[PDB]
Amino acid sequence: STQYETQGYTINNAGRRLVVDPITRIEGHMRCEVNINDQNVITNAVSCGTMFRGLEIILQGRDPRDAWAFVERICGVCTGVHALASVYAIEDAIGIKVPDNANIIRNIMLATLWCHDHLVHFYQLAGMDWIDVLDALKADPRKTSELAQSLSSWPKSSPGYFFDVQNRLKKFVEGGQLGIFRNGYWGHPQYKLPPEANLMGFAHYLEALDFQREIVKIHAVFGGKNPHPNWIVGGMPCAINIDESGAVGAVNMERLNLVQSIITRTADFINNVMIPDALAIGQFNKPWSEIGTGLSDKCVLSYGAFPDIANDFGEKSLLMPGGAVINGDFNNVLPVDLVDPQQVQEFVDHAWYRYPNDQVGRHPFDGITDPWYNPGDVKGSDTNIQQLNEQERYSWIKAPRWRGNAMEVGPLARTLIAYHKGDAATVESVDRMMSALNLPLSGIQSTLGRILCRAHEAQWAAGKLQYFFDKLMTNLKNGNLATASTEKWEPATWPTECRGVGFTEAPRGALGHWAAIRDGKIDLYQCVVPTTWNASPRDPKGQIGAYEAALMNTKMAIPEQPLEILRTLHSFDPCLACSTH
């Protein structure tokens, strides 16, 4: 066994080794290993992406106009965000400016995704870490109704409703076919909700499973379908016609009316179901404000998102702020530049890839994706990993760093960046939230805080849907219908050689696509995705990434039941297909 110091942690691989493979209630394939000491506290954590497809390789030789369609299939959970980053990147390379309506519609697509993805994460992915479903069977329906009514105006609160939900659960489980609840962690001592809260939360799980399908009807209107809507280089393909012959063939007033109806319902669900549930998790799980901090009090990163001024990606345009904090110095939010070769770099000394020199990091314009499965001694064989060898290569995920620093990305990172840049809305919202929980601001830098911030962001995005819709309608009232620029659609109009960067804030954090075009075709296409940052393996300095850091120092009540590991990992909303691409 060995030990070393990094980022204030003591990484010690002595002691019992625990393996969690597969990690469930995530997207894609992950393995996690930890070592625990004699007090059942984690002293080493190992994040491993257990899949790879090679989109960066597949994209070579494609027409740049087609790229969005391929890269959208990086991930069906954060569906759309890679298409958006792609069209941004290709437009940046070629020098294309899209019409205002196209930009507004793209912002609607992104905000729709934030609402959907954050909602489903809260309930379907993370929720069972916090709600003991089986314990709901012990709840009193009338006390459940009282609890729900004390927390929210949401209509669906009758005692008979909670009894009906409970009875449905009872009958589901009574024949022994527990389905997704089989062999869960029910009864673990870290389940702290009372039975009534478990029943309320379970009812809401089901309500969210039903309601989420409606949100994506916005994607169907503008993008044809969800999952995997359509886009174009130069804007969007959803031509608008409000008052002319043939509006039946276009986005017309009826289509826009449908979109508005979804916006209102989405805001109401998030504000009156998810928000009070998130706050209630916080109220009953306050100790988790001190667990899973990781890098969130050290190094956080946002690129920024939602340009409100079409084709302007600067600070005055982006409605979701960008910036970086390092060394715990939240008084100095630093600017990010995605072209600067000294900023974003990826290392592969601990990943299954080949570089000519694995002791150096490569900016994505110099990126290389040459897969090399080389696990070393794993106490089994190349086809039987019993214990990953974290002293050498242990993941399909590359290791991104920013100025050589290991960073956390995602809702909590973004919230901290906006708060510390002095965004007045963010400051007010976060202060009010922490006040309601009677916790200090530092309580947000935690596993609980990640969950709170995600819910915050769903509320913010639902509000921004209405803002963007209203902006589109204003343009239409002024007779501004354009949705595409085609001046540079034809390859004969493009530079013979050019490169560009497309960036945004996906639900899970900072996303970039770097594209080089030569002779009408993609010469290089490199992606650095939010879960690539968070789930990163180590670098030549031995620095650990966000997941490994957040797991460090965590107490486990019952080593064989990894509930505390699941809670912290799930709080980041891992997307392993995204991470590896």
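One rule holds for the numbers: they count along the sequence shown, beginning at 1.
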**Complete:** When mean C-alpha B-factors in the record are compared for 226-234 and 128-136, the larger belongs to 128-136
**Asked** Taking only the CA atoms, which stretch has the higher mean B-factor in the record, 79-87 or 380-388?
**Response** 380-388
**Message:** Just the C-alpha B-factor column, please: which of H513, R65, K541, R518 has the biggest number?
**Reply:** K541
**Complete:** When the entry's CA B-factors for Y191, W402, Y467, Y355 are compared, the highest one belongs to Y191
**Asked** Where does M556 sit by CA temperature factor within its chain: lowest, middle or highest third?
**Response** highest
**Request:** Tell me, lowest, middle or highest third: where does the Cα B factor of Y373 rank within its chain?
**Result:** middle
**Request:** Report the third (lowest, middle or highest) to which the CA temperature factor of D366 belongs, ranking only the modelled residues of the same chain.
**Result:** middle
**Request:** Sort the modelled residues of this chain by their C-alpha B factor and say whether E315 lands in the lowest, middle or highest third.
**Result:** highest
**Item:** Where the record places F306 (Cα B-factor, split into thirds across the chain)
**Value:** lowest
